[PDB]
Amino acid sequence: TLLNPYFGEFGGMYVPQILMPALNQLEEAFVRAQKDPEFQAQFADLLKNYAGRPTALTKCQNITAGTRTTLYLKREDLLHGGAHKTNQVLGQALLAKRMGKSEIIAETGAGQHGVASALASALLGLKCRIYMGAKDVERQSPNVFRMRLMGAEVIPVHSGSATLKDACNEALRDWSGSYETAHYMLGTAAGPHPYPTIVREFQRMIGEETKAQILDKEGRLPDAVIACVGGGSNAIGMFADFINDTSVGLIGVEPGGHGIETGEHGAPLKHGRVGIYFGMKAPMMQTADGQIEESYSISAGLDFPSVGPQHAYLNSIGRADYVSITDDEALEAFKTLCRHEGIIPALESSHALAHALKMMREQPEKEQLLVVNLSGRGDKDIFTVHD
């Protein structure tokens, strides 16, 4: 390979031999693209004139009143599509085109990655195929419909537990026979190299914009940046540009579900066991015999049963820290932002907000300059919180 496939002990390229040339092809196209000012200018135009880049950095004055904390929110909820996922798909779609590909394969759980892949393919003229577990299809009628309205083919996977895991299986199965014409648009900063590296790089702009933004308004870098972790893409997007700034804390939040102690959660990085699956060596939701298990959360979007290899690495060396937040704790932060700031956050992002809220509430007299990444919009979750 041209680049290192591992982040310490984690990562790799655990796929059947038949798919290895497809991964080498991708790697090389990415290295070239990054050195091409023509590609860079094109990616920047789409981001700016189509997606709404740069996004605002909003100071939340009401929520922090009475304490010594200053909190800002990176407005990824204002991005076209209502989530950060859009940045990534535009870049990956241009890479597929640079490679001569005309077809896109995609996987999705709650529907967000699927909606994003479908919009990017419609804009850039690519034929889109999307895999979704039958249990999720039943549960996500609005998103399935949005996908079809955008011209994408939606295919229910009835195998296994019929959820994300099983859709991830079907996508690779398909790609192993179609790689010559189709590109697999993986949805998070995980899977086999070069995906964790590519997804990071096409999500870098979140933290890069945040630095210039906080420097302009506060004339100082933050004490910490906080982000939720389903698979790891919005978090690494925020962390990246700050990795070399040793004084800036990096905090990732995993779903705690009904409580870690009940065994009903979605936190593999901190409460799982390292395994090998989905072309990767990383912490995973697994049984005692090594059978792959499902992730649980009130938010459907934090259900990838594993985590990005770069996070498992940043954690081991002590560069970043990871914690968890329960269903009730996320519901509380959701309720509070609606009421005091006029912003409806996704239940996914509410996990990150909830931890920043704890940091404040637990030590109100501590001087703290905080940045939370609001990865998405919460209109999606209105009926869930309602019932």
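Don't overthink the numbering: it's just position in the shown sequence, from 1.
Asks: Comparing 63-71 with 357-365, which has the greater mean CA B-factor as deposited?
Replies: Stretch with the higher mean C-alpha B-factor: 63-71.
Asks: Mean C-alpha B factor from the entry: is it higher for 86-94 or for 144-152?
Replies: Taking the mean C-alpha B-factor of 86-94 and of 144-152, the larger value falls to 144-152.
Asks: Based on what the PDB entry reports, which of 261, 201, 241, 209 has the top C-alpha B-factor?
Replies: Each of 261, 201, 241, 209 was compared by C-alpha B-factor; the highest is 261.
Asks: Using the entry's values, work out which of 265, 173, 139, 281 has the largest Cα B factor.
Replies: Result of the comparison over 265, 173, 139, 281: 139.
Asks: Compared with the other modelled residues in the chain, in which third is the CA B-factor of residue 133?
Replies: Its C-alpha B-factor, which the entry lists for residue 133, ranks in the highest third among residues of this chain.
Asks: Relative to the other modelled residues in the chain, which third contains the C-alpha temperature factor of residue 320: lowest, middle or highest?
Replies: Tercile = middle for this residue's CA B-factor.
Asks: If you rank the chain by CA B-factor, which third does residue 373 end up in: lowest, middle or highest?
Replies: Ranked within chain, residue 373 CA B lands in the lowest tercile.
Asks: Could you tell me which third, lowest, middle or highest, the C-alpha B-factor of residue 30 occupies within its chain?
Replies: As the PDB entry reports it, the C-alpha B-factor of residue 30 lands in the highest third of its chain.
Asks: Within this chain, which third does the Cα B-factor at residue 327 fall in: lowest, middle or highest?
Replies: Its C-alpha B-factor, which the entry lists for residue 327, ranks in the lowest third among residues of this chain.
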